[PDB]
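Working notes, structure below.
Here the Cβ positions follow ideal geometry from the backbone for every residue, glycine too, while neighbour counts run over all protein chains shown. Computed from the coordinates by the stated procedures, all read-outs in this text should not be read as laboratory data.
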Amino acid sequence: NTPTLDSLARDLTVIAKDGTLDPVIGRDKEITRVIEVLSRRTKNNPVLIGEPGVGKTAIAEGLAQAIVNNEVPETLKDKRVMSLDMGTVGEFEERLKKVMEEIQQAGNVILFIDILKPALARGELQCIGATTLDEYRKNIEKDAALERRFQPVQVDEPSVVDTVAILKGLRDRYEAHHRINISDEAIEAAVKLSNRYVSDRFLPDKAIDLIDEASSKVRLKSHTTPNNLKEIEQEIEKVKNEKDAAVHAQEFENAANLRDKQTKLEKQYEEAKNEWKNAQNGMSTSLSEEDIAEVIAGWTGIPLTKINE
Amino acid sequence: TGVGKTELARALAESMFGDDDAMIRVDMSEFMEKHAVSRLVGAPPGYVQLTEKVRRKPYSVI
């Protein structure tokens, strides 16, 4: 069960087994690419070539997701996924010698990195690199032993259409708290303008940025009371505090009227609240395209009139 | 490594000291920190190896 690897790193099959995180949507193309490289006899160490932030983290997350879903092939069946973070880096070399021994004996441990030359030369460790392109051509290419052992994988930003399916797939997972209705028009409109203005962090992280504070002026805006409960609740507040003072002051001449008034106001508050929600829960507050572009107006400073065309 | 260096050390002690188990094996892999030097030389005062073992068996191969 590789106890050393389970304590010095983070296991991915345990996290994916519960499925408490959002599923990886839109990276289905890379799912078949990672397993394909691991099945090759030569160069069975794929490397996530790309800028840091393009979505390389989701590539490793989706690899262990197929194990629970029984979508991985027989060659990659029932194999745990282990990732070693760079923040736990002499005595440093004394720990990596024991971890590699357990991987060879088990035969189902897949390393994930973000000394080891003899280990990679024999292909004993099937580590998956995650270094950027700039650092891959400076430390890995300069060494001939690792040149024929690490197979670069082109992991770049997805297409515009591919990002659209991400929002639709996760839409059902975004409505479970207040049961609101989201229009389908805002889904396609959240990817056209995303690349127009924000083009400095690549897809899909820069793509899903328009729907953060775009259309939020409809649903709860009508849930307010137009000078209805602003005064009813205030009357209840003053009666309660004044009632307690009259008890200790031996003044029950006016306290008797206060109790009846307070009870009547409490009944009225419940009736007013019930009628408010009954006439509003039936209607649905869907999104509108006229307010989607309002959030991007303040990100860059472009006037809303110029954007709304 | 593994070519038989350990066997050569054991054979050397057998023909010289007349014994094969009279070897004090010290592994430097466990001595990496600065405080590790104060372990084989002996326990420093106020806190609580190699010196203790070699004293009882002066005819030993390290």
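Quick notes
- Cα shape, segment A:6-154, gyration tensor, a/c 1.5 rule: rounded
- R0 of 30 Å, Cβ-Cβ distance A:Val161-A:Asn108: FRET efficiency to nearest 0.05: 0.25
- Classified by the C-alpha gyration tensor, chain B has an oblate form. Its axis ratio a/c, with a ≥ b ≥ c, is 1.5 or above, and a/b does not exceed b/c.
- With a Förster radius of 45 Å applied to the beta-carbon distance between A:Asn241 and A:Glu213, the computed FRET efficiency rounds to 0.70.
- A compact globular protein would have a Cα radius of gyration near 2.2 N^0.38 Å; the ratio found for the protein assembly as shown is 1.66.
- Across segment A:274-290, rounded Karplus estimates of 3J(HN,Hα) from the backbone phi angles (6.51 cos²θ - 1.76 cosθ + 1.60, θ = phi - 60°) give 5, 5, 5, 6, 5, 8, 10, 5, x, 6, 10, 10, 7, 6, 10, 6, 6 Hz, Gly and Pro being marked x.
- Cα shape, segment A:63-221, gyration tensor, a/c 1.5 rule: prolate
- Here the extension length gained between A:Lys192 and A:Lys267 equals 21.8 nm, from 0.36 nm per residue of separation less the Cα-Cα distance.
- Distance between the C-alpha centres of segment A:59-114 and segment A:180-259: 47 Å, rounded to the whole angstrom.
- Considering only A:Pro46, A:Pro23, B:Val41, the residue lying farthest towards the positive end of the dipole of the protein assembly as shown is B:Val41, judged by Cα position with unit charges set on Cβ.
- Qualifying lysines (Cα of each under 19 Å from Cα of A:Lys273; at least 8 residues distant if same chain): A:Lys221, A:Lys230, A:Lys261, A:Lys264
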